[PDB]
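The chain below stands alone and is given in structure tokens; this is the form deposited in one PDB entry.
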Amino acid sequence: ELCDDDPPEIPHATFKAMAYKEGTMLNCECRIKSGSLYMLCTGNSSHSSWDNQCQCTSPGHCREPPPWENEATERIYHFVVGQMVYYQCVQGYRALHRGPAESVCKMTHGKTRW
């Protein structure tokens, strides 16, 4: 139940999820040989946590993982169906839409979309 679609890139906007849903995959990129590819948000009946840790060289949901030694750009997540992110306007001023609610994953008759 993973969203095979990337969130829409809106001009003058930054998209971030507050809480990541159980099943989310964050790839670990910067290099990091030994092992450790991505991090899985998963846990038992009572808890939620990110499974692995990532090195580098050259409530029902998980909380955003703390930045590691080398990580570029906005993180390339792999979200799950039903995950919701929020857009924020930084220095670009437009707020004709009062109540902010967009970007959710839905299974539209077989294919995932934002």
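The first residue of the shown sequence is 1; numbering continues from there. Take the two forms, superpose them, and find the largest set of C-alpha atoms that agree within 1.5 Å; that set is the rigid core.
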item	value
Coordinates lacking for residue 97, a third or more of other entries	yes
Coordinates lacking for residue 61, a third or more of other entries	yes
Extent of unmodelled deposited sequence, residue 59 relative to residue 58	10 or more
Unresolved deposited residues lying between neighbours residue 89 and residue 90	none
Average Cα temperature factor in the PDB entry - higher stretch of 38-46, 62-70	62-70
19-27 set against 96-104, stretch whose average Cα temperature factor tops the other in the entry	96-104
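The following text describes the form deposited in another entry, which does not appear among the structures shown.
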| item | value |
| --- | --- |
| Cα displacement of residue 17 between the shown form and the other one reaching 2 Å, rigid core superposed | no |
